[PDB]
2 protein chains.
Amino acid sequence: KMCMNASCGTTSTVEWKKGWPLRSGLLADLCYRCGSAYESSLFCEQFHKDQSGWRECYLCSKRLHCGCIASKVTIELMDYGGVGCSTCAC
Amino acid sequence: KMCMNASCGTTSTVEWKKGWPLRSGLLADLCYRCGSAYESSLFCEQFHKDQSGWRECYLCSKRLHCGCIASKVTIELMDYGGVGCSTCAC
Ligand SMILES: [Zn+2]
Ligand SMILES: [Zn+2]
Ligand SMILES: [Zn+2]
Ligand SMILES: [Zn+2]
Ligand SMILES: [Zn+2]
Ligand SMILES: [Zn+2]
């Protein structure tokens with residue numbers, strides 16, 4: 001196992017964890033630190049701050065990391081453009 | 001019918017066209033101008049230049065409008081972050 005957080009990529013951790021669904025449909029491997037962040041639903045806030053792709057929810061203005069598999073399940077693409085939190089879209 | 005391009009929204013056009021799949025699974029209505037842009041695969045280049053969400057393909061650096069239903073079918077979310085054109089990912 002290797003942690004699938006590119007900025008991390010450790011092979012040693014006190015405990016392995018699971019992350020997002022891969023394009024294979026299988027579930028990514030994360031180290032204890034990165035996996036804890038993912039479970040907290042703050043993976044992209046913690047690791048992808050500098051990256052391109054951030055938009056704002058159309059209703060609450062929460063920052064949403066688009067074009068990113070790690071946040072895919074929490075972002076709704078809206079019918080006429082833009083994105084919403086799963087809360088605010090549904 | 002009303003063109004589902006928010007910057008447009010006309011109700012009069014010489015010819016109606018179809019756009020992206022809606023979250024209902026049905027297919028959006030676009031006027032002749034916006035629909036032509038969509039068929040050309042340059043809708044987001046033509047209308048969403050100023051918007052947030054643009055990333056670069058991990059391999060060819062093409063600009064890809066993420067968090068956007070109009071480009072959803074042309075963008076692959078990669079297993080470890082970032083995006084690729086359908087060409088470069090597959
Ligand atoms: Zn890690
Ligand atoms: Zn992210
Ligand atoms: Zn929201
Ligand atoms: Zn139009
Ligand atoms: Zn777009
Ligand atoms: Zn590409």
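A quick note on method: Cβ atoms are made from the backbone with ideal geometry, for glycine too, and the neighbour counts reach across all protein chains shown. Computed from the coordinates by the stated procedures, all read-outs in this text should not be read as laboratory data.
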Open item on the list: Once you compute Rg and the Kirkwood Rh from C-alpha atoms, what is the Rg to Rh ratio for the stretch A:4-70?
Closed with: 1.00
Open item on the list: Within a 10 angstrom radius of the beta carbon, how do A:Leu64, A:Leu22 rank from fewest other beta carbons to most?
Closed with: A:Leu22, A:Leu64
Task: Inter-copy label distances at A:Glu39 (7 Å, Cα→Cβ; nm, one decimal) - done: 5.3
Task: Anchor B:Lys72: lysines whose Cα lies under 25 Å away (excluding residues fewer than 8 positions away in-chain) - done: A:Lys49, A:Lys62, A:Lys72, B:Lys1, B:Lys17, B:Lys18, B:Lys49, B:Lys62
Open item on the list: Can you give the FRET efficiency to the nearest 0.05 for B:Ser41 and A:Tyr32, using r as the Cβ-Cβ distance and R₀ = 35 Å?
Closed with: 0.20
Open item on the list: Quick check: the distance between the Cα centres of the stretch B:1-69 and the stretch A:26-75, to the nearest angstrom?
Closed with: 25
Task: Inter-copy label distances at B:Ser12 (7 Å, Cα→Cβ; nm, one decimal) - done: 7.4
- [ ] Report, for B:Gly25, each distance to the same residue's label point in the other copies, shortest first and in nm; define the point 7 Å along Cα→Cβ.
- [x] 1.8
TODO: Enumerate by residue number the trypsin sites (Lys or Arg not before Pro) in the stretch A:21-54 meeting two conditions: DSSP loop (anything except H, G, I, E, B), and at most 13 other Cβ atoms within 10 Å of the site's Cβ.
DONE: A:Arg23, A:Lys49
Task: Estimated 222 nm signal from helices in chain A, with DSSP H stretches of n ≥ 4 weighted -39500 (n - 2.57), rounded to 500 - done: -4000 deg cm²/dmol
Task: Residue closest to axis [chain B; rotation mapping onto A; Cβ; Å] - done: B:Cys66, 2
